[PDB]
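Take a look at this single chain in structure tokens; it is the form deposited in one PDB entry.
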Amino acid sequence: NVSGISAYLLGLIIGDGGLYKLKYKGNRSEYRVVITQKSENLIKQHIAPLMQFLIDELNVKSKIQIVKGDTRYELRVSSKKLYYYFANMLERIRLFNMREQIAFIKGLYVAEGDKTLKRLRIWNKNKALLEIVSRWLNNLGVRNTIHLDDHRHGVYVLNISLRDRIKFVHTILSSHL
């Protein structure tokens, strides 16, 4: 498990990618698991091998696609099976065990946390998602608050109290999944 790696990738996916169920002309379809990032190196050399491992583990026969956009690389797996694997794991997020919580927060922070680490913050439109992470962090002894940060785009922020900086960086960021 693999549960760990999966939770981390789901963090990357929810933060910086998506799960897409497409309908085409006609009546064609497609199911996509997507993580996007700017660094060619981070996608190719740390994110992709983790995904590959998960593909082998689950006998997914779809290939890992890396598609180049002008402002970002997109890692893409076209797979009904991989799609529902993450989609179902998402709808079960409230039931994550601790190994899974830690992996997922770390994934989510790689995706859209404050990376200056001068402050410790996670941004998201999804307040309910932050409220879930907030509770996980409290139970791990990392105090935090949530506010509507950006009124222009509806983006909430989860602010991790710098008082628990050491506990956060060592329990979440430097955790070994």
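In this text, rigid core is short for the largest set of C-alphas that superpose within 1.5 Å between two forms. One-based numbering along the sequence shown.
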**Prompt:** Out of 95 to 103 and 82 to 90, which one has CA B-factors that are higher on average in the deposited record?
**Reply:** 95 to 103
**Fill in**
Higher of the two mean Cα B-factors (38 to 46, 116 to 124; per PDB record) comes from 38 to 46
**Fill in**
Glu30: C-alpha B-factor third of its chain, per the entry, is the lowest
**Request:** Give the position of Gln52 by CA B-factor within its chain, expressed as the lowest, middle or highest third.
**Result:** middle
**Item:** Relative C-alpha B-factor of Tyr24, binned into the chain's lowest, middle or highest third
**Value:** highest
**Message:** Sorting by Cα B-factor within the chain, modelled residues only, which third would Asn139 end up in: lowest, middle or highest?
**Reply:** highest
**Message:** Sorting by Cα B-factor within the chain, modelled residues only, which third would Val155 end up in: lowest, middle or highest?
**Reply:** middle
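From this point on, the text means the form deposited in another entry, which you will not see here.
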**Message:** Once the rigid core is superposed, exactly one of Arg135, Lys115, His147, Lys63 has its CA displaced by 2 Å or more between this form and the one not shown; which residue is that?
**Reply:** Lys115
